[PDB]
């Protein structure tokens, strides 16, 4: 109909259609020397021409410990089969995907795998609290 000037939106949801949570805990288990991954599939709700969506995070995320900042344990975050760096990662729609809805922006059905990492490979774990946050940033590109 009558514009309706602007045409670009982004909303990231679980593929359930449900929301992501504020906080997330990985179950702490040895599992023959491994750490389980908080997989979650995703939706990305966007109008057509969505596809040029970029994803970079605010800072390299940390298990954060005030009293002891001594040792930090790495965190690796995968989206669309790609790691997520503080460096902007150009994405295409990554929905797989393409459908049309003049009433709706059609989803982008795949998984974010936050897979926390160790400083050296094949590593025996330290003991502590490890608190923290992960900022995640969605935008468009120039």
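Numbering follows the first chain given and starts at 1.
Per-stretch averaging of Cα B factors for 32-40 and 55-63 places 32-40 on top. Mean C-alpha B-factor is higher over 112-120 than over the other stretch, the pair under comparison being 43-51 and 112-120. The residue among 103, 96, 77, 106 whose C-alpha atom has the highest B-factor in the PDB entry is 96.
Among the modelled residues of its chain, residue 131 has a C-alpha B-factor that falls in the highest third, as given in the PDB entry. In the deposited entry, the Cα temperature factor of residue 83 sits in the middle third of values across the chain's modelled residues. Among all modelled residues in this chain, the alpha-carbon of residue 20 has a temperature factor (C-alpha) in the lowest third.
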